[PDB]
Number of protein chains: 2
Amino acid sequence: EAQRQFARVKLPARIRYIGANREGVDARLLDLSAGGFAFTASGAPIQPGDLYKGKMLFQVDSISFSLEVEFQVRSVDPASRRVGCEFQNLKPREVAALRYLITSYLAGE
Amino acid sequence: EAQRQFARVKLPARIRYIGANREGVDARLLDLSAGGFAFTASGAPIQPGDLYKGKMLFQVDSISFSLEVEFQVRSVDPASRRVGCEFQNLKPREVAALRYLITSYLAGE
Ligand SMILES: Nc1nc2c(ncn2[C@@H]2O[C@@H]3COP(=O)(O)O[C@H]4[C@@H](O)[C@H](n5cnc6c(=O)[nH]c(N)nc65)O[C@@H]4COP(=O)(O)O[C@H]3[C@H]2O)c(=O)[nH]1
Ligand SMILES: Nc1nc2c(ncn2[C@@H]2O[C@@H]3COP(=O)(O)O[C@H]4[C@@H](O)[C@H](n5cnc6c(=O)[nH]c(N)nc65)O[C@@H]4COP(=O)(O)O[C@H]3[C@H]2O)c(=O)[nH]1
Ligand SMILES: Nc1nc2c(ncn2[C@@H]2O[C@@H]3COP(=O)(O)O[C@H]4[C@@H](O)[C@H](n5cnc6c(=O)[nH]c(N)nc65)O[C@@H]4COP(=O)(O)O[C@H]3[C@H]2O)c(=O)[nH]1
Ligand SMILES: Nc1nc2c(ncn2[C@@H]2O[C@@H]3COP(=O)(O)O[C@H]4[C@@H](O)[C@H](n5cnc6c(=O)[nH]c(N)nc65)O[C@@H]4COP(=O)(O)O[C@H]3[C@H]2O)c(=O)[nH]1
């Protein structure tokens, strides 16, 4: 097994992006980390390697955070339709902020 | 002069609350800190000591943050209509998160 570079957490979170068939997607996140996220595809075709841009929202410490993110699909389980994604081109302070907030959430667990 | 307990910054930020005359307010923030904020009243009556609840939005490191805050008016300059406010009842992790983000903004300056 591989070490995950960023700890993952399950919290209230959502991704909104425009997908392949020009069909807007609104998906609850299965989990989130400073490196990426997962969600259940339940819809249009999606492939490993696909690049999307969207607005991600999540809540930590009663604060709602949202940012525009680009992501790359890293895996698609054709069975469960679980889609694993990696953020692309996040700025240093942005990644740092994500890490801080997720760590703060973890601290609460 | 008095030392400010929390550093203040000028960033894109907004407060939305329901004011005295039941008149909804949407005001850009003059500045923000982990302790409170200021805005120009330009409208209905408002007094030192007034308590309001609203949704505050601000942007740091390309991330948009919003939270429901209760605030107490600490000062009202009847001339410039500058209103200075103090957050009430923020949770420890919430204050810590605010301090972190504002410090991160300051670091960028
Ligand atoms: N390609 C890919 N798929 C991912 C990734 N994260 C989650 N998944 C998929 O999501 C399933 C379940 O993830 P899990 O709940 O965290 O639960 C996982 C996890 O807790 C653990 N696990 C398995 N392999 C690894 C690993 O290489 N590293 C770590 N840290 N945990 C693993 O075993 C459970 C299931 O393993 P899987 O059969 O692989 O089944 C995984 C896998 O199909 C990922 O970064 N890349
Ligand atoms: N929150 C979240 N982020 C995701 C997910 N899928 C991909 N990412 C993000 O994209 C990076 C690369 O994913 P990977 O190519 O599948 O490459 C993964 C994968 O090969 C493996 N891995 C980690 N966990 C599992 C697992 O539960 N099952 C399996 N089969 N592999 C895993 O370890 C590699 C690196 O893991 P990371 O360091 O965490 O790095 C991940 C992670 O930052 C996801 O389901 N949830
Ligand atoms: N009651 C109250 N009013 C506030 C507060 N913060 C800002 N104001 C009001 O906003 C005006 C300008 O604030 P400033 O731009 O930061 O610019 C300020 C600030 O840079 C500085 N200053 C004056 N007094 C103090 C002080 O006691 N502590 C600090 N740290 N700075 C002060 O002088 C400028 C103007 O002084 P002011 O005449 O008082 O005029 C102040 C004052 O009327 C506050 O925490 N409480
Ligand atoms: N971002 C922001 N927060 C505000 C403002 N007004 C009040 N607050 C928040 O509410 C606390 C108390 O404000 P104060 O009663 O006016 O009590 C103030 C006030 O008496 C004085 N003070 C600070 N700056 C100034 C200033 O520029 N001018 C004057 N006249 N007094 C100041 O120092 C006391 C404590 O300052 P703080 O520690 O900063 O603590 C402030 C601050 O956390 C504001 O305009 N902007």
# chains A, B, ... in the order shown; residues from 1 in each chain; ligands from 1
call {"tool": "interface_residues", "arguments": {"of": "chain B", "to": "chain A", "cutoff": "7 Å", "atoms": "only C-alpha atoms", "output": "ChimeraX atom specification"}}
result
/B:61-67,93-94
call {"tool": "write_last_selection", "arguments": {"atoms": "N, CA and C atoms", "output": "short mmCIF file (atom, residue, chain, number, x, y, z; two decimals), in the first residue's frame"}}
result
data_model
loop_
_atom_site.label_atom_id
_atom_site.label_comp_id
_atom_site.auth_asym_id
_atom_site.auth_seq_id
_atom_site.Cartn_x
_atom_site.Cartn_y
_atom_site.Cartn_z
N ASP B 61 -6.24 34.46 -0.35
CA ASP B 61 -5.50 33.41 -1.04
C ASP B 61 -6.39 32.70 -2.06
N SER B 62 -7.19 33.49 -2.78
CA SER B 62 -8.16 33.00 -3.78
C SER B 62 -9.29 32.15 -3.20
N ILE B 63 -9.33 32.03 -1.88
CA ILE B 63 -10.39 31.27 -1.24
C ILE B 63 -11.44 32.20 -0.68
N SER B 64 -12.71 31.87 -0.89
CA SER B 64 -13.78 32.66 -0.30
C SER B 64 -14.29 32.00 0.97
N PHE B 65 -14.35 32.80 2.02
CA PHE B 65 -14.73 32.34 3.34
C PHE B 65 -16.00 33.06 3.71
N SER B 66 -16.96 32.33 4.26
CA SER B 66 -18.13 32.99 4.82
C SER B 66 -18.55 32.33 6.12
N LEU B 67 -19.08 33.13 7.03
CA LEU B 67 -19.58 32.56 8.26
C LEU B 67 -20.67 33.46 8.80
N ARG B 93 -11.84 27.63 17.69
CA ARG B 93 -11.26 27.19 16.42
C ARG B 93 -11.58 28.15 15.28
N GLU B 94 -12.70 28.85 15.43
CA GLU B 94 -13.16 29.83 14.47
C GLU B 94 -12.25 31.06 14.53
#
call {"tool": "closest_atom_pairs", "arguments": {"of": "chain B", "to": "ligand 4", "cutoff": "9 Å", "atoms": "only C-alpha atoms and all ligand atoms", "output": "CSV"}}
result
residue,atom,partner,partner_atom_place_in_ligand_line,distance
B:1,CA,ligand 4,31 (N),6.8
B:2,CA,ligand 4,33 (O),4.6
B:3,CA,ligand 4,33 (O),6.1
B:4,CA,ligand 4,38 (O),3.5
B:5,CA,ligand 4,38 (O),3.8
B:6,CA,ligand 4,39 (O),5.6
B:7,CA,ligand 4,39 (O),7.3
B:8,CA,ligand 4,1 (N),5.1
B:9,CA,ligand 4,1 (N),7.3
B:10,CA,ligand 4,1 (N),8.9
B:29,CA,ligand 4,1 (N),8.8
B:30,CA,ligand 4,46 (N),7.6
B:31,CA,ligand 4,1 (N),5.1
B:32,CA,ligand 4,1 (N),3.9
B:33,CA,ligand 4,1 (N),4.4
B:34,CA,ligand 4,43 (O),6.9
B:35,CA,ligand 4,43 (O),3.6
B:36,CA,ligand 4,3 (N),3.8
B:37,CA,ligand 4,1 (N),3.5
B:38,CA,ligand 4,45 (O),4.2
B:39,CA,ligand 4,45 (O),7.6
B:72,CA,ligand 4,10 (O),8.0
B:73,CA,ligand 4,7 (C),7.5
B:74,CA,ligand 4,15 (O),4.7
B:75,CA,ligand 4,16 (O),5.8
B:82,CA,ligand 4,45 (O),7.8
B:83,CA,ligand 4,45 (O),6.7
B:84,CA,ligand 4,6 (N),3.6
B:85,CA,ligand 4,7 (C),4.5
B:86,CA,ligand 4,10 (O),3.7
B:87,CA,ligand 4,10 (O),7.0
call {"tool": "write_last_selection", "arguments": {"atoms": "N, CA and C atoms", "output": "PDB file, in the first residue's frame"}}
result
ATOM      1  N   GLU B   1      -2.722  56.201  22.811  1.00  0.00           N
ATOM      2  CA  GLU B   1      -3.370  55.269  21.898  1.00  0.00           C
ATOM      3  C   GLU B   1      -3.349  53.845  22.445  1.00  0.00           C
ATOM      4  N   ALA B   2      -4.342  53.059  22.052  1.00  0.00           N
ATOM      5  CA  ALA B   2      -4.475  51.679  22.525  1.00  0.00           C
ATOM      6  C   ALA B   2      -3.929  50.683  21.527  1.00  0.00           C
ATOM      7  N   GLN B   3      -3.222  49.671  22.023  1.00  0.00           N
ATOM      8  CA  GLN B   3      -2.809  48.567  21.159  1.00  0.00           C
ATOM      9  C   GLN B   3      -4.013  47.775  20.660  1.00  0.00           C
ATOM     10  N   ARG B   4      -4.082  47.538  19.356  1.00  0.00           N
ATOM     11  CA  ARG B   4      -5.096  46.632  18.829  1.00  0.00           C
ATOM     12  C   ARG B   4      -4.710  45.187  19.109  1.00  0.00           C
ATOM     13  N   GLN B   5      -5.658  44.417  19.635  1.00  0.00           N
ATOM     14  CA  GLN B   5      -5.379  43.036  20.018  1.00  0.00           C
ATOM     15  C   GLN B   5      -5.242  42.134  18.786  1.00  0.00           C
ATOM     16  N   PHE B   6      -5.826  42.547  17.669  1.00  0.00           N
ATOM     17  CA  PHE B   6      -5.760  41.738  16.441  1.00  0.00           C
ATOM     18  C   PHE B   6      -5.406  42.651  15.281  1.00  0.00           C
ATOM     19  N   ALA B   7      -4.452  42.240  14.445  1.00  0.00           N
ATOM     20  CA  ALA B   7      -4.072  43.042  13.283  1.00  0.00           C
ATOM     21  C   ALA B   7      -5.237  43.207  12.305  1.00  0.00           C
ATOM     22  N   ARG B   8      -5.375  44.395  11.727  1.00  0.00           N
ATOM     23  CA  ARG B   8      -6.463  44.655  10.789  1.00  0.00           C
ATOM     24  C   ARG B   8      -5.949  44.694   9.357  1.00  0.00           C
ATOM     25  N   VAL B   9      -6.759  44.219   8.416  1.00  0.00           N
ATOM     26  CA  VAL B   9      -6.393  44.270   7.006  1.00  0.00           C
ATOM     27  C   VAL B   9      -7.551  44.742   6.149  1.00  0.00           C
ATOM     28  N   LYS B  10      -7.218  45.285   4.987  1.00  0.00           N
ATOM     29  CA  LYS B  10      -8.209  45.699   4.010  1.00  0.00           C
ATOM     30  C   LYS B  10      -8.227  44.678   2.884  1.00  0.00           C
ATOM     31  N   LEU B  29     -16.689  45.966   3.638  1.00  0.00           N
ATOM     32  CA  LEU B  29     -15.941  46.222   4.870  1.00  0.00           C
ATOM     33  C   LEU B  29     -14.792  47.177   4.610  1.00  0.00           C
ATOM     34  N   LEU B  30     -14.612  48.141   5.512  1.00  0.00           N
ATOM     35  CA  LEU B  30     -13.492  49.065   5.442  1.00  0.00           C
ATOM     36  C   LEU B  30     -12.213  48.358   5.858  1.00  0.00           C
ATOM     37  N   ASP B  31     -12.311  47.543   6.903  1.00  0.00           N
ATOM     38  CA  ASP B  31     -11.231  46.647   7.307  1.00  0.00           C
ATOM     39  C   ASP B  31     -11.777  45.494   8.143  1.00  0.00           C
ATOM     40  N   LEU B  32     -10.920  44.505   8.392  1.00  0.00           N
ATOM     41  CA  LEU B  32     -11.307  43.279   9.062  1.00  0.00           C
ATOM     42  C   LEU B  32     -10.170  42.797   9.960  1.00  0.00           C
ATOM     43  N   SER B  33     -10.518  42.217  11.106  1.00  0.00           N
ATOM     44  CA  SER B  33      -9.539  41.519  11.946  1.00  0.00           C
ATOM     45  C   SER B  33     -10.223  40.327  12.574  1.00  0.00           C
ATOM     46  N   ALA B  34      -9.486  39.533  13.348  1.00  0.00           N
ATOM     47  CA  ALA B  34     -10.100  38.406  14.028  1.00  0.00           C
ATOM     48  C   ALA B  34     -11.013  38.847  15.159  1.00  0.00           C
ATOM     49  N   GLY B  35     -10.987  40.140  15.463  1.00  0.00           N
ATOM     50  CA  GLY B  35     -11.809  40.683  16.529  1.00  0.00           C
ATOM     51  C   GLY B  35     -13.053  41.418  16.047  1.00  0.00           C
ATOM     52  N   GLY B  36     -13.032  41.912  14.820  1.00  0.00           N
ATOM     53  CA  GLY B  36     -14.201  42.599  14.297  1.00  0.00           C
ATOM     54  C   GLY B  36     -13.954  43.267  12.968  1.00  0.00           C
ATOM     55  N   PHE B  37     -14.718  44.321  12.689  1.00  0.00           N
ATOM     56  CA  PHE B  37     -14.648  44.957  11.379  1.00  0.00           C
ATOM     57  C   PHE B  37     -15.243  46.351  11.427  1.00  0.00           C
ATOM     58  N   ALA B  38     -15.121  47.073  10.316  1.00  0.00           N
ATOM     59  CA  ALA B  38     -15.752  48.380  10.186  1.00  0.00           C
ATOM     60  C   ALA B  38     -16.445  48.490   8.833  1.00  0.00           C
ATOM     61  N   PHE B  39     -17.480  49.313   8.775  1.00  0.00           N
ATOM     62  CA  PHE B  39     -18.141  49.606   7.505  1.00  0.00           C
ATOM     63  C   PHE B  39     -18.826  50.957   7.610  1.00  0.00           C
ATOM     64  N   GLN B  72     -21.374  43.183  17.855  1.00  0.00           N
ATOM     65  CA  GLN B  72     -21.816  44.302  18.669  1.00  0.00           C
ATOM     66  C   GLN B  72     -21.187  45.563  18.110  1.00  0.00           C
ATOM     67  N   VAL B  73     -21.995  46.601  17.908  1.00  0.00           N
ATOM     68  CA  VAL B  73     -21.464  47.885  17.478  1.00  0.00           C
ATOM     69  C   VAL B  73     -20.690  48.508  18.649  1.00  0.00           C
ATOM     70  N   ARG B  74     -19.438  48.891  18.402  1.00  0.00           N
ATOM     71  CA  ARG B  74     -18.586  49.446  19.449  1.00  0.00           C
ATOM     72  C   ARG B  74     -18.487  50.958  19.346  1.00  0.00           C
ATOM     73  N   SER B  75     -18.664  51.488  18.137  1.00  0.00           N
ATOM     74  CA  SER B  75     -18.551  52.924  17.930  1.00  0.00           C
ATOM     75  C   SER B  75     -19.329  53.327  16.701  1.00  0.00           C
ATOM     76  N   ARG B  82     -18.910  55.996   9.947  1.00  0.00           N
ATOM     77  CA  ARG B  82     -18.087  54.801  10.118  1.00  0.00           C
ATOM     78  C   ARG B  82     -18.555  54.026  11.335  1.00  0.00           C
ATOM     79  N   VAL B  83     -18.850  52.748  11.122  1.00  0.00           N
ATOM     80  CA  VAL B  83     -19.318  51.871  12.182  1.00  0.00           C
ATOM     81  C   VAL B  83     -18.271  50.820  12.523  1.00  0.00           C
ATOM     82  N   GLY B  84     -17.789  50.837  13.759  1.00  0.00           N
ATOM     83  CA  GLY B  84     -16.848  49.818  14.208  1.00  0.00           C
ATOM     84  C   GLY B  84     -17.536  48.771  15.058  1.00  0.00           C
ATOM     85  N   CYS B  85     -17.229  47.503  14.775  1.00  0.00           N
ATOM     86  CA  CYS B  85     -17.957  46.350  15.309  1.00  0.00           C
ATOM     87  C   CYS B  85     -17.015  45.306  15.893  1.00  0.00           C
ATOM     88  N   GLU B  86     -17.500  44.579  16.898  1.00  0.00           N
ATOM     89  CA  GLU B  86     -16.741  43.500  17.528  1.00  0.00           C
ATOM     90  C   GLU B  86     -17.518  42.190  17.396  1.00  0.00           C
ATOM     91  N   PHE B  87     -16.874  41.133  16.917  1.00  0.00           N
ATOM     92  CA  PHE B  87     -17.538  39.835  16.914  1.00  0.00           C
ATOM     93  C   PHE B  87     -17.897  39.366  18.317  1.00  0.00           C
TER      94      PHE B  87
END
call {"tool": "closest_residue", "arguments": {"among": "A:14, A:28, A:81, A:53", "to": "ligand 1", "atoms": "only C-alpha atoms and all ligand atoms"}}
result
A:81
call {"tool": "select_by_dssp", "arguments": {"residues": "chain A", "states": "strand (DSSP E or B)", "output": "PyMOL selection string"}}
result
chain A and resi 9+13-18+24-28+31-32+36-40+51-60+63-76+82-88
call {"tool": "residues_around", "arguments": {"residues": "segment 25-27 of chain B", "least_positions_apart": "2", "cutoff": "10 Å", "atoms": "only C-alpha atoms", "output": "list in words"}}
result
residues 13, 14, 15, 16, 17, 18, 19, 20, 22, 23, 29, 30, 38, 39, 40, 41, 42, 43, 44, 54, 55 and 56 of chain B
call {"tool": "write_last_selection", "arguments": {"atoms": "N, CA, C and O atoms", "output": "JSON list (two decimals), in the first residue's frame"}}
result
[["chain", "number", "residue", "atom", "x", "y", "z"],
["B", 13, "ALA", "N", -14.33, 42.14, 1.13],
["B", 13, "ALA", "CA", -15.16, 41.55, 2.16],
["B", 13, "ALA", "C", -16.49, 42.29, 2.25],
["B", 13, "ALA", "O", -16.59, 43.46, 1.86],
["B", 14, "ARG", "N", -17.50, 41.60, 2.75],
["B", 14, "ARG", "CA", -18.85, 42.11, 2.77],
["B", 14, "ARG", "C", -19.57, 41.60, 4.02],
["B", 14, "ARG", "O", -19.32, 40.48, 4.47],
["B", 15, "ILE", "N", -20.44, 42.43, 4.59],
["B", 15, "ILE", "CA", -21.32, 41.98, 5.66],
["B", 15, "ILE", "C", -22.77, 42.14, 5.19],
["B", 15, "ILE", "O", -23.11, 43.14, 4.54],
["B", 16, "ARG", "N", -23.61, 41.14, 5.46],
["B", 16, "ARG", "CA", -25.04, 41.21, 5.14],
["B", 16, "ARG", "C", -25.79, 40.94, 6.43],
["B", 16, "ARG", "O", -25.60, 39.89, 7.04],
["B", 17, "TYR", "N", -26.62, 41.87, 6.88],
["B", 17, "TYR", "CA", -27.36, 41.66, 8.12],
["B", 17, "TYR", "C", -28.68, 42.39, 8.02],
["B", 17, "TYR", "O", -28.87, 43.21, 7.13],
["B", 18, "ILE", "N", -29.62, 42.06, 8.91],
["B", 18, "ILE", "CA", -30.89, 42.77, 8.93],
["B", 18, "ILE", "C", -30.79, 43.83, 10.02],
["B", 18, "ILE", "O", -30.53, 43.50, 11.18],
["B", 19, "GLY", "N", -30.96, 45.09, 9.64],
["B", 19, "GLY", "CA", -30.76, 46.22, 10.54],
["B", 19, "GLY", "C", -32.04, 46.72, 11.19],
["B", 19, "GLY", "O", -33.09, 46.10, 11.03],
["B", 20, "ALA", "N", -31.93, 47.84, 11.90],
["B", 20, "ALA", "CA", -32.98, 48.35, 12.77],
["B", 20, "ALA", "C", -34.35, 48.42, 12.11],
["B", 20, "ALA", "O", -35.29, 47.76, 12.55],
["B", 22, "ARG", "N", -35.78, 47.02, 10.01],
["B", 22, "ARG", "CA", -36.01, 45.77, 9.27],
["B", 22, "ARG", "C", -35.44, 45.85, 7.86],
["B", 22, "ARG", "O", -35.79, 45.04, 6.99],
["B", 23, "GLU", "N", -34.57, 46.82, 7.63],
["B", 23, "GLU", "CA", -34.01, 47.08, 6.32],
["B", 23, "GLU", "C", -32.69, 46.34, 6.14],
["B", 23, "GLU", "O", -31.71, 46.63, 6.82],
["B", 29, "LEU", "N", -16.69, 45.97, 3.64],
["B", 29, "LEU", "CA", -15.94, 46.22, 4.87],
["B", 29, "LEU", "C", -14.79, 47.18, 4.61],
["B", 29, "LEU", "O", -14.10, 47.05, 3.60],
["B", 30, "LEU", "N", -14.61, 48.14, 5.51],
["B", 30, "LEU", "CA", -13.49, 49.06, 5.44],
["B", 30, "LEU", "C", -12.21, 48.36, 5.86],
["B", 30, "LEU", "O", -11.16, 48.56, 5.26],
["B", 38, "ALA", "N", -15.12, 47.07, 10.32],
["B", 38, "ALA", "CA", -15.75, 48.38, 10.19],
["B", 38, "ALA", "C", -16.44, 48.49, 8.83],
["B", 38, "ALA", "O", -16.06, 47.83, 7.87],
["B", 39, "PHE", "N", -17.48, 49.31, 8.77],
["B", 39, "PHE", "CA", -18.14, 49.61, 7.51],
["B", 39, "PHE", "C", -18.83, 50.96, 7.61],
["B", 39, "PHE", "O", -19.08, 51.44, 8.71],
["B", 40, "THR", "N", -19.12, 51.56, 6.46],
["B", 40, "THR", "CA", -19.79, 52.85, 6.40],
["B", 40, "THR", "C", -21.30, 52.63, 6.42],
["B", 40, "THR", "O", -21.84, 51.96, 5.55],
["B", 41, "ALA", "N", -21.98, 53.20, 7.42],
["B", 41, "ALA", "CA", -23.40, 52.93, 7.65],
["B", 41, "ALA", "C", -24.33, 53.35, 6.52],
["B", 41, "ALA", "O", -25.28, 52.64, 6.19],
["B", 42, "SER", "N", -24.05, 54.51, 5.94],
["B", 42, "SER", "CA", -24.83, 55.08, 4.83],
["B", 42, "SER", "C", -26.29, 54.62, 4.72],
["B", 42, "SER", "O", -26.68, 54.04, 3.70],
["B", 43, "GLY", "N", -27.09, 54.85, 5.76],
["B", 43, "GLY", "CA", -28.48, 54.44, 5.74],
["B", 43, "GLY", "C", -29.26, 54.63, 7.03],
["B", 43, "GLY", "O", -29.27, 55.72, 7.62],
["B", 44, "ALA", "N", -29.92, 53.56, 7.46],
["B", 44, "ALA", "CA", -30.77, 53.56, 8.65],
["B", 44, "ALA", "C", -30.01, 53.91, 9.95],
["B", 44, "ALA", "O", -28.78, 53.88, 9.98],
["B", 54, "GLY", "N", -25.37, 38.33, 11.13],
["B", 54, "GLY", "CA", -25.37, 38.36, 9.68],
["B", 54, "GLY", "C", -24.36, 37.40, 9.09],
["B", 54, "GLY", "O", -23.69, 36.67, 9.81],
["B", 55, "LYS", "N", -24.28, 37.44, 7.77],
["B", 55, "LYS", "CA", -23.35, 36.59, 7.05],
["B", 55, "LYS", "C", -22.21, 37.46, 6.56],
["B", 55, "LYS", "O", -22.44, 38.43, 5.84],
["B", 56, "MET", "N", -20.99, 37.11, 6.95],
["B", 56, "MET", "CA", -19.83, 37.86, 6.50],
["B", 56, "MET", "C", -19.06, 37.06, 5.49],
["B", 56, "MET", "O", -18.83, 35.87, 5.69]]
call {"tool": "select_by_dssp", "arguments": {"residues": "segment 11-108 of chain A", "states": "helix (DSSP H, G or I)", "output": "PyMOL selection string"}}
result
chain A and resi 92-108
call {"tool": "atom_distance", "arguments": {"atom1": "atom 20 (O, counted along the ligand's line) of ligand 2", "atom2": "atom CA of residue 76 of chain A"}}
result
12.0 Å
call {"tool": "closest_residue", "arguments": {"among": "A:89, A:79, A:103, A:71", "to": "ligand 2", "atoms": "only C-alpha atoms and all ligand atoms"}}
result
A:71
call {"tool": "closest_residue", "arguments": {"among": "B:21, B:45, B:50, B:12", "to": "residue 78 of chain B", "atoms": "only C-alpha atoms"}}
result
B:45
call {"tool": "decode", "arguments": {"residues": "segment 76-102 of chain A", "atoms": "N, CA and C atoms", "output": "PDB file, in the first residue's frame"}}
result
ATOM      1  N   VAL A  76     -11.072   5.861 -11.983  1.00  0.00           N
ATOM      2  CA  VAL A  76     -12.518   5.700 -12.034  1.00  0.00           C
ATOM      3  C   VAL A  76     -12.820   4.242 -11.870  1.00  0.00           C
ATOM      4  N   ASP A  77     -13.449   3.870 -10.761  1.00  0.00           N
ATOM      5  CA  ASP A  77     -13.900   2.492 -10.620  1.00  0.00           C
ATOM      6  C   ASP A  77     -15.184   2.314 -11.414  1.00  0.00           C
ATOM      7  N   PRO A  78     -15.121   1.581 -12.541  1.00  0.00           N
ATOM      8  CA  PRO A  78     -16.295   1.451 -13.415  1.00  0.00           C
ATOM      9  C   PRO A  78     -17.466   0.783 -12.698  1.00  0.00           C
ATOM     10  N   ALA A  79     -17.170   0.081 -11.608  1.00  0.00           N
ATOM     11  CA  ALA A  79     -18.190  -0.602 -10.822  1.00  0.00           C
ATOM     12  C   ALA A  79     -18.977   0.372  -9.952  1.00  0.00           C
ATOM     13  N   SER A  80     -18.342   0.855  -8.887  1.00  0.00           N
ATOM     14  CA  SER A  80     -19.010   1.716  -7.912  1.00  0.00           C
ATOM     15  C   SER A  80     -19.149   3.153  -8.399  1.00  0.00           C
ATOM     16  N   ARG A  81     -18.550   3.442  -9.550  1.00  0.00           N
ATOM     17  CA  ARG A  81     -18.507   4.790 -10.110  1.00  0.00           C
ATOM     18  C   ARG A  81     -17.829   5.794  -9.166  1.00  0.00           C
ATOM     19  N   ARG A  82     -16.985   5.299  -8.263  1.00  0.00           N
ATOM     20  CA  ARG A  82     -16.188   6.194  -7.428  1.00  0.00           C
ATOM     21  C   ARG A  82     -15.112   6.856  -8.267  1.00  0.00           C
ATOM     22  N   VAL A  83     -15.085   8.184  -8.220  1.00  0.00           N
ATOM     23  CA  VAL A  83     -14.120   8.968  -8.971  1.00  0.00           C
ATOM     24  C   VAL A  83     -13.120   9.641  -8.040  1.00  0.00           C
ATOM     25  N   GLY A  84     -11.847   9.299  -8.185  1.00  0.00           N
ATOM     26  CA  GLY A  84     -10.804   9.950  -7.401  1.00  0.00           C
ATOM     27  C   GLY A  84     -10.068  10.988  -8.221  1.00  0.00           C
ATOM     28  N   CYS A  85      -9.859  12.161  -7.618  1.00  0.00           N
ATOM     29  CA  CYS A  85      -9.389  13.361  -8.312  1.00  0.00           C
ATOM     30  C   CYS A  85      -8.221  14.014  -7.585  1.00  0.00           C
ATOM     31  N   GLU A  86      -7.350  14.670  -8.350  1.00  0.00           N
ATOM     32  CA  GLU A  86      -6.208  15.396  -7.799  1.00  0.00           C
ATOM     33  C   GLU A  86      -6.298  16.867  -8.206  1.00  0.00           C
ATOM     34  N   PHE A  87      -6.179  17.782  -7.252  1.00  0.00           N
ATOM     35  CA  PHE A  87      -6.114  19.191  -7.621  1.00  0.00           C
ATOM     36  C   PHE A  87      -4.910  19.504  -8.499  1.00  0.00           C
ATOM     37  N   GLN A  88      -5.102  20.426  -9.432  1.00  0.00           N
ATOM     38  CA  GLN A  88      -4.014  20.906 -10.262  1.00  0.00           C
ATOM     39  C   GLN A  88      -3.793  22.395 -10.010  1.00  0.00           C
ATOM     40  N   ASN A  89      -2.533  22.810 -10.038  1.00  0.00           N
ATOM     41  CA  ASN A  89      -2.171  24.226 -10.077  1.00  0.00           C
ATOM     42  C   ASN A  89      -2.659  25.056  -8.897  1.00  0.00           C
ATOM     43  N   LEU A  90      -2.762  24.438  -7.732  1.00  0.00           N
ATOM     44  CA  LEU A  90      -3.062  25.206  -6.534  1.00  0.00           C
ATOM     45  C   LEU A  90      -1.837  26.021  -6.152  1.00  0.00           C
ATOM     46  N   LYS A  91      -2.072  27.260  -5.742  1.00  0.00           N
ATOM     47  CA  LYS A  91      -0.999  28.140  -5.311  1.00  0.00           C
ATOM     48  C   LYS A  91      -0.527  27.705  -3.927  1.00  0.00           C
ATOM     49  N   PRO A  92       0.760  27.938  -3.613  1.00  0.00           N
ATOM     50  CA  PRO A  92       1.350  27.555  -2.323  1.00  0.00           C
ATOM     51  C   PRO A  92       0.514  27.943  -1.095  1.00  0.00           C
ATOM     52  N   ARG A  93       0.069  29.196  -1.013  1.00  0.00           N
ATOM     53  CA  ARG A  93      -0.687  29.666   0.151  1.00  0.00           C
ATOM     54  C   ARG A  93      -2.061  29.017   0.234  1.00  0.00           C
ATOM     55  N   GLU A  94      -2.570  28.624  -0.928  1.00  0.00           N
ATOM     56  CA  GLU A  94      -3.860  27.967  -1.054  1.00  0.00           C
ATOM     57  C   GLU A  94      -3.750  26.551  -0.488  1.00  0.00           C
ATOM     58  N   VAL A  95      -2.728  25.828  -0.922  1.00  0.00           N
ATOM     59  CA  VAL A  95      -2.485  24.490  -0.402  1.00  0.00           C
ATOM     60  C   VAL A  95      -2.269  24.566   1.099  1.00  0.00           C
ATOM     61  N   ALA A  96      -1.472  25.542   1.532  1.00  0.00           N
ATOM     62  CA  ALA A  96      -1.192  25.719   2.952  1.00  0.00           C
ATOM     63  C   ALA A  96      -2.471  25.968   3.739  1.00  0.00           C
ATOM     64  N   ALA A  97      -3.352  26.794   3.186  1.00  0.00           N
ATOM     65  CA  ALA A  97      -4.628  27.082   3.828  1.00  0.00           C
ATOM     66  C   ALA A  97      -5.500  25.831   3.919  1.00  0.00           C
ATOM     67  N   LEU A  98      -5.575  25.071   2.827  1.00  0.00           N
ATOM     68  CA  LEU A  98      -6.301  23.802   2.842  1.00  0.00           C
ATOM     69  C   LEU A  98      -5.747  22.872   3.913  1.00  0.00           C
ATOM     70  N   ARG A  99      -4.423  22.742   3.962  1.00  0.00           N
ATOM     71  CA  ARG A  99      -3.795  21.843   4.928  1.00  0.00           C
ATOM     72  C   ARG A  99      -4.129  22.281   6.336  1.00  0.00           C
ATOM     73  N   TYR A 100      -4.072  23.592   6.572  1.00  0.00           N
ATOM     74  CA  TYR A 100      -4.369  24.132   7.889  1.00  0.00           C
ATOM     75  C   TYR A 100      -5.795  23.777   8.310  1.00  0.00           C
ATOM     76  N   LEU A 101      -6.743  23.994   7.405  1.00  0.00           N
ATOM     77  CA  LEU A 101      -8.147  23.800   7.750  1.00  0.00           C
ATOM     78  C   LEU A 101      -8.482  22.341   7.957  1.00  0.00           C
ATOM     79  N   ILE A 102      -7.909  21.492   7.116  1.00  0.00           N
ATOM     80  CA  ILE A 102      -8.152  20.065   7.234  1.00  0.00           C
ATOM     81  C   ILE A 102      -7.520  19.531   8.513  1.00  0.00           C
TER      82      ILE A 102
END
